[PDB]
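This document opens with one chain alone, in structure tokens, the form deposited in one PDB entry.
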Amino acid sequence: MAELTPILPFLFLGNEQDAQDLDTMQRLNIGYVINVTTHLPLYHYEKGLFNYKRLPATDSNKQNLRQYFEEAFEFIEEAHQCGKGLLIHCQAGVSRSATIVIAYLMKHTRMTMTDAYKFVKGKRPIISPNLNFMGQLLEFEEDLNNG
């Protein structure tokens, strides 16, 4: 039931239902979609209305998400740089996609992991990245701090 979450004016975090909301996506000037699942379709792909990126990840305790961080940020920045918005989602918008957004905030808005997490959780109370992903965020925080 959770509603689509505006994170930044050009970045929205949501779930599978939001990714199917064509009218809302266009109203929000979204021109890019990141689907963080291996199995969901890229909804509305055949319309050629958006640029898509799939990060084929599972929500398992062994899934490496860090490997997709750079690609996701580049795509968010591409949308950002051309005045467009980006919708990132997974199934529930709870673990996979939430992790990528928190990571983006850590690198591009220089927030500590805790502040980025609280920032996203404050806007989207249902987020709860799994512990494997939390460990990856901590490792990413250390890497950012060490340049």
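Residues carry their position along the shown sequence, with the first being 1.
What comes next is about the form solved in complex with a small molecule, which does not appear here.
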Fill in: Contact test, all of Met113, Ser128 and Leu137, partner the small molecule in the deposited bound form, heavy atom 4.5 Å
yes
Worksheet entry | Stretch in contact, per heavy atom within 4.5 angstroms of the small molecule in the deposited bound form, of 27 to 35, 43 to 51, 98 to 106, 75 to 83 | 98 to 106
Worksheet entry | Touches the small molecule in the deposited bound form: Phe119 (any heavy atom, 4.5 Å) | no
Fill in: Heavy atom of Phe12 within 4.5 Å of the small molecule in the deposited bound form
no
